[PDB]
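Each chain is listed here by its residues.
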Number of protein chains: 2
Amino acid sequence: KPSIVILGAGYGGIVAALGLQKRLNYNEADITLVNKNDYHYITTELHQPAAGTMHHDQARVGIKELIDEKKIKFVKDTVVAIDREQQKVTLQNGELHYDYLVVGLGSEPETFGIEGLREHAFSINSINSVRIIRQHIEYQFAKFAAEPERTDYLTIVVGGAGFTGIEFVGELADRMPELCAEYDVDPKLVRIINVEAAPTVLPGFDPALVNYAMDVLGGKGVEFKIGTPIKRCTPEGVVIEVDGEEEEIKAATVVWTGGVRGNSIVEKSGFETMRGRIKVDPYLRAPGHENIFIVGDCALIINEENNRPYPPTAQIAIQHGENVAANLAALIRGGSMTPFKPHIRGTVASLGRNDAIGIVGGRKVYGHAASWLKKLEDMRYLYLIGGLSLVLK
Amino acid sequence: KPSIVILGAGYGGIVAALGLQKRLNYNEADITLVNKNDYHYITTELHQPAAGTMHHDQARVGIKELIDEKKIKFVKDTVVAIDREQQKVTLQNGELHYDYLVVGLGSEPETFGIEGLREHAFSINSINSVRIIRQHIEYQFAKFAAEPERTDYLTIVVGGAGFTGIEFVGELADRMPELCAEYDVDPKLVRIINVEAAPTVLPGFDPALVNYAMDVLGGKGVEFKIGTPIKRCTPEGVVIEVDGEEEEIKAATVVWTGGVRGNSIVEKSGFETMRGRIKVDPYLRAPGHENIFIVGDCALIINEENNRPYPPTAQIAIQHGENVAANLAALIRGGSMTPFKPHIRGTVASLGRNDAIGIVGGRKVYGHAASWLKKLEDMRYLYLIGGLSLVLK
Ligand SMILES: Cc1cc2nc3c(=O)[nH]c(=O)nc-3n(C[C@H](O)[C@H](O)[C@H](O)COP(=O)(O)OP(=O)(O)OC[C@H]3O[C@@H](n4cnc5c(N)ncnc54)[C@H](O)[C@@H]3O)c2cc1C
Ligand SMILES: Cc1cc2nc3c(=O)[nH]c(=O)nc-3n(C[C@H](O)[C@H](O)[C@H](O)COP(=O)(O)OP(=O)(O)OC[C@H]3O[C@@H](n4cnc5c(N)ncnc54)[C@H](O)[C@@H]3O)c2cc1C
């Protein structure tokens, strides 16, 4: 009984565990799955509960529900540290020893050292976090009617105009009429501001899609400030740099979607990391460790054709998990391992419940078609981990 | 030709207005109804939206929906002052001149000068105030899962154990299970604490009802501190006096149901007031103005028999409205009619969705009987102002 420990029941981890579960028969390996919570949250949907456009219970599933307690032992606790020499993982309430290790601890926010961002701005990275964002915004809107002078209650600043930020502002723009109606609020006073340091919205994207997104969101009232970095974050708003001079936006809500880095546990444990991530070998392993595998957002891979890194996505995390399960199963039975090859299909970014943009199959995809394609691809992961049973819920 | 101005579209005001509408045959009175908002809220229901057990729209009705624009002209503005000498009421956005004046501006909170109570505790007195309370609480619970050490997020202190405080804690007690389900909170950690300076819960009431209420609410986990004054209020809680010594409660939410005074506008306008209220003559008029009528909570009346002052209630306010409507109609048509005679029926205090207590007619009433009696009595008012249409909504 070799011991395989998987840290984090996110996309890569939960898929790795389920893969090992399907491939292996009882008493062949001792597998323990460690997670902060007893549920797995569907991270790619987290922007919707944050906005209030979807209930949060549709973005998570109970882990014990998914797995087999015989093949996999589930442990709900928080990983604190990793000791490679002792091959021991330190939790808040315990210790674990591993023969093989899988690290899938996801991302932490990258604030680029910007002042006050960690302390005063929100992140879309968990069920807890999006519930907090949602209730915070509803609270500010409730506060406005008693204090009509505080229009900063109705100002929401979204930092970063990448995939996440765009999806979020779209959800928000969809939500605004119902929210205003709910709190007796004048829609004309509401400001949703997306602030990006880069010269363009959605950098690295097809410019047609960017223009379409900017038109749709702008029509629904989103304001874009491009080429505008956030110099500072304060409890009453953000300070940005316009034309080389400081300007202030007074906003009761600031959400940071600007960047992600690998979870700090990986770097604190002495691994060599780039942006907190590990550039793994052909069999998704930490260099100079034949027993340590890295999946999801903790893993860095470079595209062969270009020379730019693959972005941290749920899709490639899923593929990471499948490959690691197959390779570990082979490794335990003394077989040989297959190298990892990413197979990246197109991805669609929603612009609300009804609209979206994407490049699918090399072809540009707008509107309801793109929206449905996204919904379908999302349904596939659900079928993958929980089957049609999960798909119905 | 004569102009009747009614200030405040609350119980007394809206009932006086609708009554005047029914009694007069148009074109005889110029009637203007002034309100802070474009809706009339059913104040006696406000404890439920505050807790979150009922949506706030069911606790208000559009004023324009209630009245006839031909007979009554509705003005949405905020009263700033009253000039008795010039017969002019000054608004934020206007001025009005009256031949007849009906004052029903309701109550304001009385904090008795307790430090921090005004700045840091919430009050149940409007649709805005209760939306703010509800969202504040939901926000604290949402914040809890991320910071489980902060149990004070789950502590709600309700100051004053009179009618309103009891109804409110009952509503909260009903609400806690769903709320806890919503934010992944362990119900055992939730503290609902009702703090009373008086030696008993529900002071001035029959002890049977008091004991039943404490038993029911105590059963749903509400905690009572009696004989306990509130020395101070801060953003993190309250300081109370126990056994003559200061003790601290760390609470993210403090709601004050401790006392009310007449709206300060009446006192500031040079009227002679007792605790901001006017002791009116037998035709509910302010001494010694023959053209000014006072309704609702702004009016103080003494019972002839018991020689005690009457409590500020919707029931007596409604009766005020009916009486001023009849008396003003008679006054216009030269009829010279009737003095005000209060006929006070029993009142029921709800203890949640399923339970309540009261002294109705002469009999103590508990449980489903009392609950239905209260619902029936409220529906009576709904029928009074809006008919079967309003009753169905
Ligand atoms: C709004 C938003 C929308 C997105 N949309 C898309 C999309 O459409 N397509 C796409 O490909 N990608 C999308 N992504 C990216 C995708 O969500 C991530 O790339 C993916 O979740 C990373 O997978 P992961 O398993 O590595 O990490 P995670 O999904 O974040 O899982 C990490 C797990 O480990 C737990 N955990 C974290 N730290 C600890 C710790 N110390 N101890 C114990 N447990 C811990 C966490 O609770 C969590 O369960 C989106 C991301 C966001 C925020
Ligand atoms: C939770 C709670 C529960 C209650 N339950 C009961 C019960 O069960 N039975 C009972 O008999 N009584 C009950 N009461 C008491 C009852 O609600 C009040 O006594 C009654 O509403 C007061 O009559 P009113 O019309 O003068 O005041 P209000 O109902 O408060 O109306 C005053 C109106 O004036 C408006 N207004 C105020 N100031 C201004 C301004 N400067 N300018 C313009 N407009 C203004 C306000 O918008 C409001 O519409 C309860 C009270 C509370 C807080």
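Residues numbered from 1 in each chain as written, not as in the entry; some residues may be left out. Chains lettered and ligands numbered in written order. Heavy atoms only, no water. Residues with missing side-chain atoms left out of burial classes, pairs and counts.

- In terms of determination method and resolution, the entry is listed under X-ray crystallography at 2.700 Å.

## Describing the overall build of chain A
Inference 1: The helix and strand inventory of chain A stands at 10 helices and 24 strands.
Inference 2: The C-alpha atoms of chain A give a radius of gyration of 22 Å, which matches the 21 Å a tight globule of 393 residues would have.
Inference 3: A principal-axis box enclosing the C-alpha atoms of chain A has dimensions of 70 × 40 × 40 Å.
Inference 4: Sequence-distant contacts in chain A: of pairs separated by 6 or more residues, those separated by 24 or more amount to 67%. (Helix = DSSP H or I, 4+ residues; strand = E, 2+ residues; numbered from the N terminus. Rg over C-alpha atoms; globule rule 2.2 N^0.38 Å. Contact = heavy atoms within 4.5 Å.)

## Looking at the UniProt feature "binding site: FAD" (unreviewed entry) in chain A
Residues and elements named next belong to chain A.
Inference 1: As annotated in UniProt, the feature "binding site: FAD" (unreviewed entry) corresponds to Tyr11, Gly12, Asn35, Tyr41, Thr43, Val79, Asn263, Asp297, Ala314, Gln315 and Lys374 in the numbering used here. Across 364 residues of sequence, these annotated residues are also dispersed in space, with a maximum C-alpha separation of 32.9 Å.
Inference 2: One can find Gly12 in helix α1 (residues 11–23).
Inference 3: Residues contacting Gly12, with those up to four places away along its chain left out, are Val295, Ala317 and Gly321.
Inference 4: Tracing the backbone through its elements, the reader meets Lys374 in helix α10 (residues 367–392).
Inference 5: Side-chain polar atoms of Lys374 contact the backbone oxygen of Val348, separated by 2.8 Å. (UniProt positions renumbered as here; feature names shortened; annotations may be inferred. Polar contact = N/O pair within 3.5 Å; in protein donor to acceptor, adjacent residues only side chain to side chain.)

## Considerations on the packing of aromatic side chains
Inference 1: Centre to centre, the rings of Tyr11 of chain A and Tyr381 of chain A are 4.6 Å apart; their planes meet at 45°, and the pair counts as tilted. Taken together, the residues span a long stretch of sequence, with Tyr11 of chain A in helix α1 and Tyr381 of chain A in helix α10 at a distance of 370 residues.
Inference 2: Considering the side-chain rings of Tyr139 of chain A and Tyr139 of chain B, the 5.7 Å spacing of their centres and the 45° angle between planes classify their relative orientation as tilted. Of this pair, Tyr139 of chain A sits in helix α5 (residues 127–144) while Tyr139 of chain B is found in helix α5 (residues 127–144), placing the two residues in two different chains.
Inference 3: The ring of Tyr39 of chain B carries the charged tip of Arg60 of chain B above its face, separated from the ring centre by 4.7 Å. (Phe/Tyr/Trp six-rings, centres within 6.5 Å; stacked < 30°, edge-to-face > 60°. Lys NZ or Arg CZ within 6 Å of the ring centre and 35° of its normal.)

## Some details on the environment of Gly321 of chain B
All names here are of chain B.
Inference 1: Looking at the element boundaries, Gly321 is found in helix α9 (residues 314–333).
Inference 2: For the pair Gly321 and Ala16, spaced 305 residues apart in the sequence, the C-alpha separation amounts to 3.9 Å.
Inference 3: Here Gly321 is in contact with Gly12, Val15, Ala16 and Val295, once residues within four sequence places are set aside.

## Digging into the UniProt feature "binding site: NAD(+) 1" (unreviewed entry) in chain A
All names here are of chain A.
Inference 1: UniProt marks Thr164, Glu196, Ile230, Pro312 and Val348 with the feature "binding site: NAD(+) 1" (unreviewed entry), using the numbering shown here. Across 185 residues of sequence, these annotated residues are also dispersed in space, with a maximum C-alpha separation of 27.4 Å.
Inference 2: Within the fold, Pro312 resides in the loop between β21 (299–300) and α9 (314–332).
Inference 3: If near-sequence neighbours (up to four positions away) are discounted, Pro312 is found in contact with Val260, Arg277 and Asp297.

## Overview of the sheet that holds strand β9 (residues 100–103) of chain B
Residues and elements named next belong to chain B.
Inference 1: A sheet is described by the order of its strands in space; here 5 strands give the open sequence β5-β2-β1-β9-β20, paired in parallel fashion. Only two strands of the sheet have a single neighbouring strand rather than two, namely β5 (72–76) and β20 (292–294). Strand after strand, the sheet turns through a mean of 20° between neighbouring axes, direction not considered.
Inference 2: Relative to β5, strand β2 (residues 30–35) runs parallel, the two sharing 5 bridges. Bridge assignment links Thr32 to a residue of β5, and that residue is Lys73.
Inference 3: The sheet contacts of helix α1 (residues 11–23) involve β1 (3–7), β2 and β5, and relative to β1 the element is tilted by about 155°. (Pairing = 2+ DSSP bridges. Axes fitted to C-alpha atoms, helices over the stretch in contact; angles between N-to-C directions.)

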